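Enquirer: quick check, what structure comes out for this input:
(2 chains, ligands or ions: 2)
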Number of protein chains: 2
Amino acid sequence: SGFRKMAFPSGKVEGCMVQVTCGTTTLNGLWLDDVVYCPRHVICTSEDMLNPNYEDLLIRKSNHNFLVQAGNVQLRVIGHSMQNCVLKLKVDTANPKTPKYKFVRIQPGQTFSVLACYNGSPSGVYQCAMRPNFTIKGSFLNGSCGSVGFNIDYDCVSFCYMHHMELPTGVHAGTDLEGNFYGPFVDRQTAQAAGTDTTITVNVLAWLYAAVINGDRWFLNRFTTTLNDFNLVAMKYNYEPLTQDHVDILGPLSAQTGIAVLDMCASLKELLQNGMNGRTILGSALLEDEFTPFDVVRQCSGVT
Amino acid sequence: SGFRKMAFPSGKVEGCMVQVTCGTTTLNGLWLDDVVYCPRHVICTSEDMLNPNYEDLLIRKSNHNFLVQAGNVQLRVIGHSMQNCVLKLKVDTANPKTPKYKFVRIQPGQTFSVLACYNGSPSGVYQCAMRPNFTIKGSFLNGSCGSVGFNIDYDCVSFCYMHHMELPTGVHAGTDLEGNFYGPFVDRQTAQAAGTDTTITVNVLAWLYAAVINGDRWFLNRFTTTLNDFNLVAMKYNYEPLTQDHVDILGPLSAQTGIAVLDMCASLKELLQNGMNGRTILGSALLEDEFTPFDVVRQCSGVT
Ligand SMILES: Cc1ccncc1NC(=O)CN1C(=O)COc2ccc(Cl)cc21
Ligand SMILES: Cc1ccncc1NC(=O)CN1C(=O)COc2ccc(Cl)cc21
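Expert: Residues are numbered from 1 along each chain as shown, chains lettered A, B, ... in the order given. Ligands and ions are numbered 1, 2, ... in the order given. Okay, here it is:
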């Protein structure tokens, strides 16, 4: 028992981290097979970042301008290309530590682990959710660009995120591994509206189920609700409307605990309307939304 | 910017995890050089656990009864010995993935990362603190025994914890890597009092400094306090008394922000007495104590 914000073991991803330098800019790159992926803004100076013409900036660069170093050793760059907001540097050596991997575009509300890196060296690992507005609330500093987000299914690493920037509001934005930004963001130093965010309802309900499994049950009540009634409350409190697909994904947790999904919705309704009255749930004094129903099942079953 | 409960990258520790089986019990072991360390209760059956005579139980075991498997391959056991509550199994092969390492006994209030494992396979990584009462609030299930806690200083892994048991209260207890339990616990299935716990004051103050660095500053006030006055409040709210050694450890954070330690103590005093009035600090609705002043400095500087 016990429930923690757990990240996937980062070993398979640590083996892929490299440092990429172009001119005076150094950031992180991901070396998979004979290709190194990194944010295309590695080719900019600070002066270029207000409105960079990436196509023109990249034309001034040759393979030998991209310095790629895998810890101690230097990689030989034999090709370079830009795909959306990422650069792909072809190297003459396939990474011997390349794990089985996939590139995936995650849905808002899904979670993943981030291996924060600086100068190609891993500094720490944390779990987070892709917000409904396609931002992530990470922990990143200057030099963290190129750090990646991922999930692991037994021996396969599905890379879903590459870090690009911090918005003026302190939140984070990035791309999938094909260089497409999540959300409306562009890789330019401009103020950028991140949409209205909402709380990931299906994940809060999953976390209330994790709470019951682990013995925190004070919030359970004698009530039930309907999807319509619950959604009027979700509306008022800026929670994502609950759908039958979310109820379906919560089936395994409802089966394990014997608590019907709509009954858990009535506990969440009372918590939204009344607050937590100075009490905690799984060590938190707020409703947590960074655990998916899959995360709860994985953590509560002991999947490796 | 941003502040997360970040764990150390687990790669160096994943390389050391093995499965240890003795009879019908399987748990995790730590393979460093030519020795595998694991909880001594691997030699018990469920019947033995009410009051095991470990010396007698171990005399019934020979080297060949300890099945050690490093993922796919089997290790040959050439010696076994019990040191406090750990077994040390000498193997004929030194672990080729052994990192630079140390065994350390951590102080209560210090933090570390845990790589939760099942059947010798890593399942996830999370950061936690050793509570003042020498328990840890982890996330562990049956089979997690032998999972380790550690910290990393550049290339050196300091192992500080090995998981042994869950107390009837759902909290966790374990040993240093010499097999000495943290706290008054014994490796026996008996109800065991974990002392009165307290909140780690120096870590809450470190986290309020992390909040200011990251822009959360609503809790700052026009007041100051003294160590004596602050300690009367710490007493009432079950917080550890603050000492000059804690103020000294907070020096770098006070220097970075320009907020004197006693002025931050006055913000913490007002938060203890008034609560957070429905507001949050770094995404938390309670006062967080799982970040040491070293953790805050490391996270806010980008140490790899
Ligand atoms: C400093 C920091 C902290 C956390 N995560 C990332 C960063 N770094 C950046 O954001 C880099 N960067 C700027 O600093 C400003 O101009 C930009 C415009 C576009 C893009 Cl892609 C990057 C930038
Ligand atoms: C189940 C679980 C969940 C989380 N962490 C650990 C465990 N496992 C245990 O605690 C094993 N175990 C018992 O189950 C009961 O008897 C004991 C007495 C002493 C010692 Cl050392 C171990 C045990």
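Enquirer: what about the strands in the stretch 51-200 of chain A?
Expert: A:66-70, A:73-75, A:77-83, A:86-91, A:100-103, A:111-118, A:121-129, A:148-153, A:156-166, A:172-175 (DSSP state E, counting those that start in this stretch).
Enquirer: count of residues packed around residue A:196?
Expert: 8 (other C-beta atoms under 10 Å in any protein chain shown). Where C-beta positions appear, they are placed from N, C-alpha and C, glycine not excepted.
Enquirer: tell me how far stretch A:120-139 is from the chain's mean position?
Expert: Relative to the mean C-alpha coordinate of its chain, stretch A:120-139 is positioned 5 Å out (C-alpha atoms, centre = their mean, to the nearest Å).
Enquirer: restricting to C-alpha, output that stretch in CSV.
Expert: What follows is stretch A:120-139, C-alpha atoms only, in CSV (Å, rounded to 0.1, in the frame of the first residue of the first chain):
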residue,chain,number,x,y,z
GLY,A,120,23.3,16.0,-22.2
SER,A,121,23.4,14.8,-18.5
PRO,A,122,20.3,13.6,-16.6
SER,A,123,19.5,15.6,-13.5
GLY,A,124,16.2,14.0,-12.3
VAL,A,125,12.9,12.3,-13.2
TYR,A,126,9.3,13.3,-12.5
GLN,A,127,5.9,12.3,-13.5
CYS,A,128,3.4,14.8,-14.9
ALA,A,129,0.3,15.1,-17.0
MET,A,130,-0.2,16.9,-20.4
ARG,A,131,-2.7,19.5,-19.3
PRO,A,132,-6.1,19.8,-21.2
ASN,A,133,-4.6,23.0,-22.7
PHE,A,134,-1.5,21.2,-24.0
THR,A,135,1.0,22.8,-21.5
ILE,A,136,2.9,20.8,-18.9
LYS,A,137,3.7,22.1,-15.4
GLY,A,138,7.3,20.9,-15.3
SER,A,139,10.5,21.8,-13.6
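Enquirer: near chain B, anything from that stretch?
Expert: Yes - using C-beta under 8 Å from any C-beta of the partner chain, stretch A:120-139 comes into contact with chain B via A:121, A:122, A:123, A:124, A:125, A:126, A:128, A:137, A:138, A:139.
Enquirer: what's the most distant pair in those residues?
Expert: Farthest-apart pair in these is A:121 and A:137; separation 23.2 Å (C-beta to C-beta).
Enquirer: run a quick neighbour tally on the residue in chain A that ligand 2 sits nearest to.
Expert: Proximity to ligand 2, evaluated over chain A using C-beta to the nearest ligand atom, is greatest for residue A:1 at 6.2 Å. Counted with other C-beta under 10 Å, residues neighbouring residue A:1 total 16.
Enquirer: ditto for residue A:239
Expert: 23.
Enquirer: doesn't residue A:254 make contact with residue A:212?
Expert: No - between residue A:212 and residue A:254 there is no contact under C-beta atoms under 8 Å: 10.5 Å.
Enquirer: name the SS class of the residue in chain A sticking out farthest from the centre, please.
Expert: Distance from the centre of chain A peaks at residue A:222, with 36.4 Å (C-alpha atoms, centre = their mean). Classification of residue A:222 using DSSP: H, G, I helix; E, B strand; the rest coil returns coil.
Enquirer: and residue A:267, by the same measure?
Expert: helix.
Enquirer: now do the same contact list for it.
Expert: A:208, A:219, A:220, A:221, A:223 (C-beta atoms under 8 Å, 6 or more residues apart in numbering or on different chains).
Enquirer: thinking again about what came up before, what does the residue farthest from the centre of chain A show for phi and psi?
Expert: Reported as degrees, to the nearest 10, the phi and psi values for residue A:222 are phi -80, psi 10.
Enquirer: likewise residue A:205?
Expert: For residue A:205, the backbone dihedrals (degrees, to the nearest 10) come out as phi -60, psi -40.
Enquirer: relative to residue A:290, how far out is residue A:107?
Expert: 14 Å (C-beta to C-beta, to the nearest Å).
Enquirer: between the two, which has more neighbouring residues?
Expert: Per other C-beta under 10 Å, whichever of residue A:107 and residue A:290 has more neighbours is residue A:290, with 18 against 10.
Enquirer: so the more buried one touches residue A:126, yeah?
Expert: No - assessed by C-beta under 8 Å, residue A:290 is found out of contact with residue A:126, at 10.1 Å.
Enquirer: outline the domain layout of chain A.
Expert: Structural domains assigned to chain A are A:1-14+A:100-197, A:15-99, A:198-301, following CATH domains of a matching chain.
Enquirer: buried deepest among those, which one?
Expert: Neighbour counts (mean count of other C-beta atoms under 10 Å in any protein chain shown) averaged over each of these peak at domain A:1-14+A:100-197, with a mean of 20.
Enquirer: going along the chain, name the helices of chain A.
Expert: Applying DSSP state H to chain A gives helices spanning A:11-14, A:54-59, A:201-213, A:227-236, A:244-249, A:251-257, A:261-274, A:293-301.
Enquirer: closest one to ligand 1 among those?
Expert: Using C-beta to the nearest ligand atom, the nearest of these to ligand 1 is helix A:54-59, at 10.4 Å.
Enquirer: pull the residues that contact that closest one.
Expert: Here helix A:54-59 has contacts from A:40, A:43, A:44, A:48, A:80, A:82, A:87, A:187, using C-beta under 8 Å, 6+ apart.
Enquirer: any residue of that helix up close to ligand 1?
Expert: No - using C-beta under 6 Å from any ligand atom, helix A:54-59 never reaches ligand 1; the gap is at least 10.4 Å.
Enquirer: for residue B:32, find the nearest of the domains of chain A.
Expert: In terms of C-beta to C-beta, the element of the domains of chain A nearest to residue B:32 is domain A:1-14+A:100-197, at 16.2 Å.
Enquirer: near ligand 1, which residues of the stretch 151-300 of chain A are found?
Expert: Counting by C-beta under 6 Å from any ligand atom, the positions of the stretch 151-300 of chain A adjacent to ligand 1 are A:164, A:165, A:166, A:187, A:188, A:189.
Enquirer: now do 5 Å
Expert: A:164, A:165, A:166, A:187, A:189 (C-beta under 5 Å from any ligand atom).
Enquirer: alright, that wraps it up for me.
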